[PDB]
Amino acid sequence: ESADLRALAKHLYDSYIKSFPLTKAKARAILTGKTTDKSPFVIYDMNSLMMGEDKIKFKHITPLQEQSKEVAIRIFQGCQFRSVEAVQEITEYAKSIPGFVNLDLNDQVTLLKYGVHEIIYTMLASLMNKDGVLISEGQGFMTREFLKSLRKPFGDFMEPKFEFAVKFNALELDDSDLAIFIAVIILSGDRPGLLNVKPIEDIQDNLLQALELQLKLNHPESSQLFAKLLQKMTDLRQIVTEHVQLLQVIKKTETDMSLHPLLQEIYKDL
């Protein structure tokens with residue numbers, strides 16, 4: 001028991017509670033369980049929109065205008081930022097696994113490259129809202145009516161995330177069991193273009209244990225509860241393929257160009 005039981009748990013959540021604090025306890029907290037009991041720095045209202053596109057943005061004066069950085073490029077970059085960030089966050093927490101870093105420099109990334117997805121989206125759903133999504137910043141969230149309110153395309157890169165959560169949230173226990181989950185998805189164990197699927201999928205056998213472990217303990221009922229709770233990937237791996245379907249149909253057939261290299265790279269592999 002103890003072994004990795006409460007050890008790993010404290011770990012998974014440890015390195016995690018360090019990487020991304022945004023959890024169901026923080027998402028469902030500010031969403032209503034906190035923030036003076038009102039709502040998480042809502043992002044969409046002039047007030048927020050201002051302190052947002054101004055703050056979160058800031059320093060953005062150039063010979064643009066006319067037809068540049070549309071309501072998307074701004075939101076798209078932000079509504080997507082949480083992604084480009086996680087990647088940086090996951091690691092901070094991923095490298096926590098006593099096997100991840102033991103894997104391979106590329107392998108580790110490779111998995112994430114195609115893992116971080118099922119990761120950010122793993123808990124994301126939780127950090128979602130009916131018409132918004134918990135966003136780091138001053139502890140708020142990006143509403144749908146907002147993100148959507150713009151480029152037909154870029155104007156729909158969350159509604160599908162949150163929505164899925166509304167159906168996924170029915171599989172998210174405590175950030176604890178979740179914190180691990182992200183790992184159960186981090187260790188690739190189902191990512192194309194892997195390197196050491198031996199150590200990767202192996203490091204998972206652990207993260208998985210903790211999952212159903214502190215999970216089958218914090219809520220012991222049924223069998224392979226996790227085996228059926230993980231299968232959720234569907235809606236998970238789904239959103240992913242979607243997140244691209246948009247950035248893919250655009251990155252390959254944008255509305256009329258409006259991106260930079262920092263992007264072309266992100267999408268690109270390695």
# chains A, B, ... in the order shown; residues from 1 in each chain; ligands from 1
call {"tool": "residues_around", "arguments": {"residues": "stretch 136-140 of chain A", "least_positions_apart": "6", "cutoff": "8 Å", "atoms": "only C-alpha atoms", "output": "PyMOL selection string"}}
result
chain A and resi 22+30+39-43+56+82
call {"tool": "write_last_selection", "arguments": {"atoms": "N, CA, C and O atoms", "output": "short mmCIF file (atom, residue, chain, number, x, y, z; two decimals), in the first residue's frame"}}
result
data_model
loop_
_atom_site.label_atom_id
_atom_site.label_comp_id
_atom_site.auth_asym_id
_atom_site.auth_seq_id
_atom_site.Cartn_x
_atom_site.Cartn_y
_atom_site.Cartn_z
N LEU A 22 -4.50 24.67 -11.47
CA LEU A 22 -5.86 24.66 -11.98
C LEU A 22 -6.40 23.23 -11.95
O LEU A 22 -5.96 22.38 -12.73
N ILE A 30 -13.62 28.50 -8.12
CA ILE A 30 -13.84 29.85 -8.62
C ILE A 30 -15.15 29.88 -9.41
O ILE A 30 -15.93 30.83 -9.29
N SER A 39 -18.10 34.29 -9.43
CA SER A 39 -17.63 33.71 -10.68
C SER A 39 -16.15 34.04 -10.88
O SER A 39 -15.66 35.05 -10.39
N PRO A 40 -15.46 33.14 -11.64
CA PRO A 40 -14.05 33.33 -11.92
C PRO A 40 -13.83 34.43 -12.96
O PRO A 40 -14.44 34.40 -14.03
N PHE A 41 -12.97 35.37 -12.62
CA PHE A 41 -12.67 36.47 -13.51
C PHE A 41 -13.22 36.21 -14.92
O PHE A 41 -12.47 35.85 -15.83
N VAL A 42 -14.53 36.39 -15.05
CA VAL A 42 -15.19 36.17 -16.32
C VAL A 42 -14.47 36.99 -17.41
O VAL A 42 -14.10 38.13 -17.18
N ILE A 43 -14.31 36.36 -18.56
CA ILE A 43 -13.65 37.01 -19.68
C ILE A 43 -14.61 37.07 -20.87
O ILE A 43 -14.88 36.05 -21.51
N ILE A 56 -3.62 40.75 -20.21
CA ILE A 56 -3.16 39.48 -20.75
C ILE A 56 -2.42 39.74 -22.07
O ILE A 56 -1.50 39.00 -22.42
N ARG A 82 -3.51 28.47 -23.20
CA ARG A 82 -3.62 27.51 -22.11
C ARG A 82 -3.04 26.15 -22.54
O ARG A 82 -2.66 25.34 -21.70
#
call {"tool": "select_by_dssp", "arguments": {"residues": "stretch 68-145 of chain A", "states": "helix (DSSP H, G or I)", "output": "PDB file with N, CA and C atoms, in the first residue's frame"}}
result
ATOM      1  N   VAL A  71     -10.125  39.061 -34.135  1.00  0.00           N
ATOM      2  CA  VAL A  71     -10.638  38.752 -32.811  1.00  0.00           C
ATOM      3  C   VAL A  71     -10.186  37.347 -32.409  1.00  0.00           C
ATOM      4  N   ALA A  72      -9.753  36.590 -33.407  1.00  0.00           N
ATOM      5  CA  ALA A  72      -9.291  35.233 -33.171  1.00  0.00           C
ATOM      6  C   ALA A  72      -7.829  35.266 -32.722  1.00  0.00           C
ATOM      7  N   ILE A  73      -6.965  35.640 -33.655  1.00  0.00           N
ATOM      8  CA  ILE A  73      -5.542  35.717 -33.369  1.00  0.00           C
ATOM      9  C   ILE A  73      -5.341  36.100 -31.902  1.00  0.00           C
ATOM     10  N   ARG A  74      -6.230  36.957 -31.419  1.00  0.00           N
ATOM     11  CA  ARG A  74      -6.162  37.409 -30.041  1.00  0.00           C
ATOM     12  C   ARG A  74      -6.700  36.329 -29.100  1.00  0.00           C
ATOM     13  N   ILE A  75      -7.923  35.902 -29.380  1.00  0.00           N
ATOM     14  CA  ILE A  75      -8.560  34.877 -28.570  1.00  0.00           C
ATOM     15  C   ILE A  75      -7.933  33.518 -28.888  1.00  0.00           C
ATOM     16  N   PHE A  76      -7.814  33.245 -30.179  1.00  0.00           N
ATOM     17  CA  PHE A  76      -7.236  31.990 -30.627  1.00  0.00           C
ATOM     18  C   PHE A  76      -5.898  31.724 -29.934  1.00  0.00           C
ATOM     19  N   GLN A  77      -5.083  32.767 -29.871  1.00  0.00           N
ATOM     20  CA  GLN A  77      -3.778  32.660 -29.240  1.00  0.00           C
ATOM     21  C   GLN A  77      -3.933  32.427 -27.736  1.00  0.00           C
ATOM     22  N   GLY A  78      -4.946  33.069 -27.172  1.00  0.00           N
ATOM     23  CA  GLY A  78      -5.214  32.940 -25.749  1.00  0.00           C
ATOM     24  C   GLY A  78      -5.986  31.654 -25.450  1.00  0.00           C
ATOM     25  N   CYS A  79      -7.136  31.528 -26.093  1.00  0.00           N
ATOM     26  CA  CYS A  79      -7.976  30.358 -25.906  1.00  0.00           C
ATOM     27  C   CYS A  79      -7.138  29.113 -26.209  1.00  0.00           C
ATOM     28  N   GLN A  80      -6.008  29.344 -26.860  1.00  0.00           N
ATOM     29  CA  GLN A  80      -5.112  28.256 -27.214  1.00  0.00           C
ATOM     30  C   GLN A  80      -3.856  28.297 -26.342  1.00  0.00           C
ATOM     31  N   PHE A  81      -3.572  29.483 -25.824  1.00  0.00           N
ATOM     32  CA  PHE A  81      -2.408  29.670 -24.975  1.00  0.00           C
ATOM     33  C   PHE A  81      -2.369  28.623 -23.860  1.00  0.00           C
ATOM     34  N   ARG A  82      -3.507  28.466 -23.200  1.00  0.00           N
ATOM     35  CA  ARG A  82      -3.616  27.507 -22.114  1.00  0.00           C
ATOM     36  C   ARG A  82      -3.041  26.154 -22.541  1.00  0.00           C
ATOM     37  N   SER A  83      -2.989  25.956 -23.850  1.00  0.00           N
ATOM     38  CA  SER A  83      -2.465  24.717 -24.399  1.00  0.00           C
ATOM     39  C   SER A  83      -0.938  24.784 -24.479  1.00  0.00           C
ATOM     40  N   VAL A  84      -0.459  25.764 -25.232  1.00  0.00           N
ATOM     41  CA  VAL A  84       0.972  25.948 -25.398  1.00  0.00           C
ATOM     42  C   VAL A  84       1.634  26.032 -24.022  1.00  0.00           C
ATOM     43  N   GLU A  85       0.836  26.416 -23.038  1.00  0.00           N
ATOM     44  CA  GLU A  85       1.330  26.540 -21.677  1.00  0.00           C
ATOM     45  C   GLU A  85       1.428  25.160 -21.021  1.00  0.00           C
ATOM     46  N   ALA A  86       0.280  24.510 -20.911  1.00  0.00           N
ATOM     47  CA  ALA A  86       0.223  23.189 -20.308  1.00  0.00           C
ATOM     48  C   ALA A  86       1.502  22.422 -20.649  1.00  0.00           C
ATOM     49  N   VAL A  87       1.752  22.298 -21.944  1.00  0.00           N
ATOM     50  CA  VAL A  87       2.933  21.593 -22.414  1.00  0.00           C
ATOM     51  C   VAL A  87       4.116  21.928 -21.505  1.00  0.00           C
ATOM     52  N   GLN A  88       4.269  23.215 -21.233  1.00  0.00           N
ATOM     53  CA  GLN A  88       5.352  23.678 -20.382  1.00  0.00           C
ATOM     54  C   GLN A  88       5.080  23.300 -18.925  1.00  0.00           C
ATOM     55  N   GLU A  89       3.799  23.222 -18.596  1.00  0.00           N
ATOM     56  CA  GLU A  89       3.393  22.872 -17.245  1.00  0.00           C
ATOM     57  C   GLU A  89       3.553  21.368 -17.016  1.00  0.00           C
ATOM     58  N   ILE A  90       2.886  20.598 -17.863  1.00  0.00           N
ATOM     59  CA  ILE A  90       2.946  19.149 -17.764  1.00  0.00           C
ATOM     60  C   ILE A  90       4.363  18.727 -17.373  1.00  0.00           C
ATOM     61  N   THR A  91       5.301  19.021 -18.261  1.00  0.00           N
ATOM     62  CA  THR A  91       6.693  18.679 -18.021  1.00  0.00           C
ATOM     63  C   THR A  91       7.060  18.933 -16.558  1.00  0.00           C
ATOM     64  N   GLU A  92       6.922  20.188 -16.155  1.00  0.00           N
ATOM     65  CA  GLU A  92       7.235  20.573 -14.789  1.00  0.00           C
ATOM     66  C   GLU A  92       6.657  19.555 -13.805  1.00  0.00           C
ATOM     67  N   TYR A  93       5.587  18.903 -14.236  1.00  0.00           N
ATOM     68  CA  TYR A  93       4.933  17.906 -13.406  1.00  0.00           C
ATOM     69  C   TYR A  93       5.187  16.495 -13.941  1.00  0.00           C
ATOM     70  N   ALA A  94       5.276  16.404 -15.260  1.00  0.00           N
ATOM     71  CA  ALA A  94       5.515  15.125 -15.907  1.00  0.00           C
ATOM     72  C   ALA A  94       6.868  14.574 -15.453  1.00  0.00           C
ATOM     73  N   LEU A 105      14.738  11.861 -24.169  1.00  0.00           N
ATOM     74  CA  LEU A 105      14.551  13.289 -24.364  1.00  0.00           C
ATOM     75  C   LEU A 105      13.445  13.518 -25.396  1.00  0.00           C
ATOM     76  N   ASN A 106      13.542  12.782 -26.494  1.00  0.00           N
ATOM     77  CA  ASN A 106      12.560  12.894 -27.559  1.00  0.00           C
ATOM     78  C   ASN A 106      11.300  12.122 -27.170  1.00  0.00           C
ATOM     79  N   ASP A 107      11.508  10.878 -26.762  1.00  0.00           N
ATOM     80  CA  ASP A 107      10.401  10.026 -26.361  1.00  0.00           C
ATOM     81  C   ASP A 107       9.489  10.799 -25.407  1.00  0.00           C
ATOM     82  N   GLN A 108      10.100  11.340 -24.362  1.00  0.00           N
ATOM     83  CA  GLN A 108       9.358  12.103 -23.373  1.00  0.00           C
ATOM     84  C   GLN A 108       8.495  13.165 -24.059  1.00  0.00           C
ATOM     85  N   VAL A 109       9.119  13.882 -24.983  1.00  0.00           N
ATOM     86  CA  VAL A 109       8.423  14.926 -25.715  1.00  0.00           C
ATOM     87  C   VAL A 109       7.404  14.287 -26.661  1.00  0.00           C
ATOM     88  N   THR A 110       7.881  13.316 -27.426  1.00  0.00           N
ATOM     89  CA  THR A 110       7.026  12.619 -28.371  1.00  0.00           C
ATOM     90  C   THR A 110       5.665  12.321 -27.739  1.00  0.00           C
ATOM     91  N   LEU A 111       5.706  11.575 -26.646  1.00  0.00           N
ATOM     92  CA  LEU A 111       4.489  11.214 -25.939  1.00  0.00           C
ATOM     93  C   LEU A 111       3.658  12.473 -25.686  1.00  0.00           C
ATOM     94  N   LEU A 112       4.285  13.434 -25.024  1.00  0.00           N
ATOM     95  CA  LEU A 112       3.618  14.686 -24.713  1.00  0.00           C
ATOM     96  C   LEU A 112       3.069  15.301 -26.002  1.00  0.00           C
ATOM     97  N   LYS A 113       3.938  15.379 -26.999  1.00  0.00           N
ATOM     98  CA  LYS A 113       3.555  15.940 -28.283  1.00  0.00           C
ATOM     99  C   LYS A 113       2.156  15.445 -28.655  1.00  0.00           C
ATOM    100  N   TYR A 114       1.936  14.160 -28.419  1.00  0.00           N
ATOM    101  CA  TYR A 114       0.652  13.552 -28.725  1.00  0.00           C
ATOM    102  C   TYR A 114      -0.066  13.117 -27.445  1.00  0.00           C
ATOM    103  N   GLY A 115       0.541  13.461 -26.318  1.00  0.00           N
ATOM    104  CA  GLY A 115      -0.027  13.114 -25.026  1.00  0.00           C
ATOM    105  C   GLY A 115      -0.602  14.349 -24.331  1.00  0.00           C
ATOM    106  N   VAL A 116       0.243  15.362 -24.198  1.00  0.00           N
ATOM    107  CA  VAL A 116      -0.167  16.599 -23.557  1.00  0.00           C
ATOM    108  C   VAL A 116      -1.616  16.909 -23.935  1.00  0.00           C
ATOM    109  N   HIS A 117      -1.976  16.512 -25.147  1.00  0.00           N
ATOM    110  CA  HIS A 117      -3.324  16.740 -25.639  1.00  0.00           C
ATOM    111  C   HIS A 117      -4.335  16.110 -24.679  1.00  0.00           C
ATOM    112  N   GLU A 118      -4.333  14.785 -24.651  1.00  0.00           N
ATOM    113  CA  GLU A 118      -5.239  14.053 -23.786  1.00  0.00           C
ATOM    114  C   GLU A 118      -5.013  14.445 -22.325  1.00  0.00           C
ATOM    115  N   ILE A 119      -4.023  15.302 -22.123  1.00  0.00           N
ATOM    116  CA  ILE A 119      -3.694  15.764 -20.785  1.00  0.00           C
ATOM    117  C   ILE A 119      -4.427  17.078 -20.510  1.00  0.00           C
ATOM    118  N   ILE A 120      -4.114  18.075 -21.324  1.00  0.00           N
ATOM    119  CA  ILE A 120      -4.733  19.382 -21.179  1.00  0.00           C
ATOM    120  C   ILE A 120      -6.254  19.233 -21.263  1.00  0.00           C
ATOM    121  N   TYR A 121      -6.684  18.385 -22.185  1.00  0.00           N
ATOM    122  CA  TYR A 121      -8.104  18.143 -22.376  1.00  0.00           C
ATOM    123  C   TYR A 121      -8.649  17.199 -21.302  1.00  0.00           C
ATOM    124  N   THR A 122      -7.739  16.446 -20.705  1.00  0.00           N
ATOM    125  CA  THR A 122      -8.113  15.502 -19.665  1.00  0.00           C
ATOM    126  C   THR A 122      -8.842  16.221 -18.529  1.00  0.00           C
ATOM    127  N   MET A 123      -8.150  17.189 -17.945  1.00  0.00           N
ATOM    128  CA  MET A 123      -8.718  17.958 -16.850  1.00  0.00           C
ATOM    129  C   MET A 123      -9.457  19.192 -17.372  1.00  0.00           C
ATOM    130  N   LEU A 124      -8.959  19.715 -18.483  1.00  0.00           N
ATOM    131  CA  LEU A 124      -9.560  20.889 -19.092  1.00  0.00           C
ATOM    132  C   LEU A 124     -11.078  20.830 -18.915  1.00  0.00           C
ATOM    133  N   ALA A 125     -11.676  19.822 -19.532  1.00  0.00           N
ATOM    134  CA  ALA A 125     -13.116  19.641 -19.451  1.00  0.00           C
ATOM    135  C   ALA A 125     -13.605  20.093 -18.073  1.00  0.00           C
ATOM    136  N   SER A 126     -12.924  19.600 -17.049  1.00  0.00           N
ATOM    137  CA  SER A 126     -13.276  19.943 -15.681  1.00  0.00           C
ATOM    138  C   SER A 126     -13.187  21.457 -15.481  1.00  0.00           C
ATOM    139  N   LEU A 127     -12.073  22.016 -15.933  1.00  0.00           N
ATOM    140  CA  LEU A 127     -11.851  23.446 -15.811  1.00  0.00           C
ATOM    141  C   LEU A 127     -12.662  24.177 -16.883  1.00  0.00           C
ATOM    142  N   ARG A 144     -17.866  31.124 -23.908  1.00  0.00           N
ATOM    143  CA  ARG A 144     -18.053  30.670 -25.277  1.00  0.00           C
ATOM    144  C   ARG A 144     -18.517  31.828 -26.162  1.00  0.00           C
ATOM    145  N   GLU A 145     -19.581  32.481 -25.719  1.00  0.00           N
ATOM    146  CA  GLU A 145     -20.132  33.603 -26.458  1.00  0.00           C
ATOM    147  C   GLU A 145     -19.016  34.559 -26.883  1.00  0.00           C
TER     148      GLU A 145
END
call {"tool": "select_by_dssp", "arguments": {"residues": "stretch 22-214 of chain A", "states": "strand (DSSP E or B)", "output": "mmCIF file with N, CA, C and O atoms, in the first residue's frame"}}
result
data_model
loop_
_atom_site.group_PDB
_atom_site.id
_atom_site.type_symbol
_atom_site.label_atom_id
_atom_site.label_comp_id
_atom_site.auth_asym_id
_atom_site.auth_seq_id
_atom_site.Cartn_x
_atom_site.Cartn_y
_atom_site.Cartn_z
ATOM 1 N N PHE A 41 -12.968 35.368 -12.619
ATOM 2 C CA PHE A 41 -12.667 36.472 -13.515
ATOM 3 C C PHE A 41 -13.221 36.206 -14.917
ATOM 4 O O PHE A 41 -12.473 35.849 -15.826
ATOM 5 N N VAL A 42 -14.526 36.389 -15.048
ATOM 6 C CA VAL A 42 -15.188 36.174 -16.323
ATOM 7 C C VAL A 42 -14.475 36.985 -17.407
ATOM 8 O O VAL A 42 -14.097 38.134 -17.179
ATOM 9 N N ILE A 43 -14.312 36.357 -18.561
ATOM 10 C CA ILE A 43 -13.651 37.007 -19.680
ATOM 11 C C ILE A 43 -14.611 37.067 -20.870
ATOM 12 O O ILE A 43 -14.881 36.050 -21.507
ATOM 13 N N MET A 128 -13.803 23.595 -17.217
ATOM 14 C CA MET A 128 -14.675 24.177 -18.224
ATOM 15 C C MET A 128 -15.940 24.754 -17.585
ATOM 16 O O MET A 128 -16.169 24.584 -16.388
ATOM 17 N N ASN A 129 -16.728 25.425 -18.412
ATOM 18 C CA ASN A 129 -17.964 26.029 -17.943
ATOM 19 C C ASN A 129 -19.053 25.838 -19.001
ATOM 20 O O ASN A 129 -18.763 25.452 -20.132
ATOM 21 N N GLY A 132 -18.209 28.982 -20.839
ATOM 22 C CA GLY A 132 -16.892 29.523 -20.553
ATOM 23 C C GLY A 132 -15.910 28.411 -20.182
ATOM 24 O O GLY A 132 -16.284 27.240 -20.125
ATOM 25 N N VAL A 133 -14.671 28.815 -19.940
ATOM 26 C CA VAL A 133 -13.632 27.866 -19.576
ATOM 27 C C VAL A 133 -12.626 28.549 -18.648
ATOM 28 O O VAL A 133 -12.127 29.632 -18.956
ATOM 29 N N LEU A 134 -12.356 27.890 -17.532
ATOM 30 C CA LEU A 134 -11.419 28.421 -16.556
ATOM 31 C C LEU A 134 -10.099 28.756 -17.255
ATOM 32 O O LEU A 134 -9.525 27.912 -17.942
ATOM 33 N N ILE A 135 -9.658 29.989 -17.055
ATOM 34 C CA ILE A 135 -8.417 30.446 -17.657
ATOM 35 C C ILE A 135 -7.506 31.014 -16.567
ATOM 36 O O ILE A 135 -7.932 31.846 -15.768
ATOM 37 N N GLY A 140 -9.796 33.483 -13.955
ATOM 38 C CA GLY A 140 -11.088 33.732 -14.570
ATOM 39 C C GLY A 140 -11.499 32.566 -15.471
ATOM 40 O O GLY A 140 -11.339 31.404 -15.101
ATOM 41 N N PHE A 141 -12.020 32.916 -16.638
ATOM 42 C CA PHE A 141 -12.455 31.914 -17.595
ATOM 43 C C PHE A 141 -12.973 32.567 -18.878
ATOM 44 O O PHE A 141 -13.601 33.623 -18.830
ATOM 45 N N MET A 142 -12.691 31.912 -19.994
ATOM 46 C CA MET A 142 -13.120 32.417 -21.287
ATOM 47 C C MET A 142 -14.486 31.847 -21.672
ATOM 48 O O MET A 142 -14.626 30.642 -21.875
#
call {"tool": "residues_around", "arguments": {"residues": "residue A:259", "least_positions_apart": "5", "cutoff": "12 Å", "atoms": "only C-alpha atoms", "output": "short mmCIF file (atom, residue, chain, number, x, y, z; two decimals) with N, CA and C atoms, in the first residue's frame"}}
result
data_model
loop_
_atom_site.label_atom_id
_atom_site.label_comp_id
_atom_site.auth_asym_id
_atom_site.auth_seq_id
_atom_site.Cartn_x
_atom_site.Cartn_y
_atom_site.Cartn_z
N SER A 68 -5.54 42.43 -39.71
CA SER A 68 -4.51 41.64 -39.04
C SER A 68 -4.97 41.26 -37.63
N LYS A 69 -4.36 40.21 -37.11
CA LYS A 69 -4.69 39.73 -35.78
C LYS A 69 -6.17 40.01 -35.50
N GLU A 70 -7.01 39.14 -36.04
CA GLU A 70 -8.45 39.28 -35.85
C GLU A 70 -8.84 38.91 -34.42
N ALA A 72 -9.75 36.59 -33.41
CA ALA A 72 -9.29 35.23 -33.17
C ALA A 72 -7.83 35.27 -32.72
N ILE A 73 -6.97 35.64 -33.65
CA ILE A 73 -5.54 35.72 -33.37
C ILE A 73 -5.34 36.10 -31.90
N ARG A 74 -6.23 36.96 -31.42
CA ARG A 74 -6.16 37.41 -30.04
C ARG A 74 -6.70 36.33 -29.10
N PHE A 76 -7.81 33.24 -30.18
CA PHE A 76 -7.24 31.99 -30.63
C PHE A 76 -5.90 31.72 -29.93
N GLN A 77 -5.08 32.77 -29.87
CA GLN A 77 -3.78 32.66 -29.24
C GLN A 77 -3.93 32.43 -27.74
N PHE A 154 -11.83 29.97 -35.68
CA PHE A 154 -11.24 30.32 -34.40
C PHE A 154 -12.32 30.65 -33.37
N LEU A 247 -7.39 24.00 -36.39
CA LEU A 247 -6.07 24.55 -36.61
C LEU A 247 -5.40 23.81 -37.77
N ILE A 250 -7.18 25.15 -41.11
CA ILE A 250 -6.77 26.54 -41.24
C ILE A 250 -5.28 26.60 -41.57
N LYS A 251 -4.49 25.92 -40.75
CA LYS A 251 -3.05 25.89 -40.94
C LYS A 251 -2.74 25.37 -42.34
N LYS A 252 -3.75 24.75 -42.95
CA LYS A 252 -3.59 24.20 -44.28
C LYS A 252 -4.48 24.98 -45.25
N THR A 253 -5.50 25.61 -44.69
CA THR A 253 -6.43 26.39 -45.49
C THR A 253 -7.07 27.50 -44.64
N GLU A 254 -6.21 28.33 -44.07
CA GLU A 254 -6.68 29.42 -43.24
C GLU A 254 -7.74 30.24 -43.98
N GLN A 264 3.54 28.03 -36.61
CA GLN A 264 3.94 27.01 -37.57
C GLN A 264 4.84 25.97 -36.89
N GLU A 265 5.56 26.43 -35.88
CA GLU A 265 6.46 25.56 -35.15
C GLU A 265 5.67 24.65 -34.20
N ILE A 266 4.81 25.28 -33.41
CA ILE A 266 3.99 24.55 -32.46
C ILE A 266 3.37 23.34 -33.16
N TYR A 267 2.63 23.62 -34.22
CA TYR A 267 1.98 22.57 -34.98
C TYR A 267 3.00 21.53 -35.45
#
call {"tool": "atom_distance", "arguments": {"atom1": "atom CA of residue A:237", "atom2": "atom CA of residue A:168"}}
result
12.2 Å
call {"tool": "closest_atom_pairs", "arguments": {"of": "stretch 128-187 of chain A", "to": "stretch 212-215 of chain A", "cutoff": "9 Å", "atoms": "only C-alpha atoms", "output": "tab-separated table"}}
result
residue	atom	partner	partner_atom	distance
A:173	CA	A:215	CA	7.5
A:174	CA	A:215	CA	8.2
A:176	CA	A:214	CA	7.6
A:177	CA	A:215	CA	5.4
A:178	CA	A:215	CA	8.9
call {"tool": "residues_around", "arguments": {"residues": "residue A:243", "least_positions_apart": "6", "cutoff": "9 Å", "atoms": "only C-alpha atoms", "output": "PyMOL selection string"}}
result
chain A and resi 157-158+160-161
call {"tool": "write_last_selection", "arguments": {"atoms": "N, CA and C atoms", "output": "PDB file, in the first residue's frame"}}
result
ATOM      1  N   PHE A 157     -13.276  27.097 -30.442  1.00  0.00           N
ATOM      2  CA  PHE A 157     -12.164  26.274 -29.997  1.00  0.00           C
ATOM      3  C   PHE A 157     -12.222  26.047 -28.485  1.00  0.00           C
ATOM      4  N   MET A 158     -13.443  25.969 -27.977  1.00  0.00           N
ATOM      5  CA  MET A 158     -13.649  25.755 -26.555  1.00  0.00           C
ATOM      6  C   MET A 158     -15.029  25.150 -26.286  1.00  0.00           C
ATOM      7  N   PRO A 160     -16.562  23.082 -27.743  1.00  0.00           N
ATOM      8  CA  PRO A 160     -16.486  21.636 -27.864  1.00  0.00           C
ATOM      9  C   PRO A 160     -15.731  21.025 -26.681  1.00  0.00           C
ATOM     10  N   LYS A 161     -14.850  21.830 -26.105  1.00  0.00           N
ATOM     11  CA  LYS A 161     -14.060  21.383 -24.970  1.00  0.00           C
ATOM     12  C   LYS A 161     -14.951  21.319 -23.728  1.00  0.00           C
TER      13      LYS A 161
END
call {"tool": "closest_residue", "arguments": {"among": "A:201, A:54, A:206, A:172", "to": "residue A:7", "atoms": "only C-alpha atoms"}}
result
A:206
